[PDB]
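**Student:** just coords:
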């Protein structure tokens, strides 16, 4: 009873992004890696801890830079933009 599946990155639903983004936006400072944040977001969202944790690392690494540069109250920790995003055609 094998299960057909494919390995490829994908973005989470808009509803999950809004709730996940709202938490990060409200807690941009203490956005640093933490089990309490990952566990709290995991219970709030219908995604697994691994999905939220991996998404948090990527989303945070692409969201903090924009908010930190836009504000400028504490710019640090990987200031990279939205992870490349220089492709366009």
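**Tutor:** Structure's in. What do you need? Numbering: from 1, shown residues only.
**Student:** going forward, measure contacts and count neighbours with C-alpha atoms only.
**Tutor:** Fine.
**Student:** so how far is stretch 52-59 from its chain's centroid?
**Tutor:** 4 Å (CA atoms, centre = their mean, to the nearest Å).
**Student:** Hmm, I typed the wrong one, I wanted stretch 75-88.
**Tutor:** Relative to the chain's own centre, stretch 75-88 is displaced by 13 Å; criterion: CA atoms, centre = their mean.
**Student:** give me the element the residue nearest in space to the middle of the chain is part of.
**Tutor:** Geometric centre of the chain, nearest residue: residue 59, 2.5 Å, by CA atoms, centre = their mean. Take DSSP states H and E as the rule and residue 59 turns out to sit in helix 49-71.
**Student:** buried sites along that helix?
**Tutor:** 49, 52-53, 55-56, 59-66, 68 (16 or more other CA atoms under 10 Å).
**Student:** and what of stretch 79-89?
**Tutor:** Quick answer for stretch 79-89 (16+ other CA under 10 Å): 79, 82.
**Student:** Start and end of it, how far apart?
**Tutor:** When the termini of stretch 79-89 are compared using CA to CA, to the nearest Å, they are 26 Å apart.
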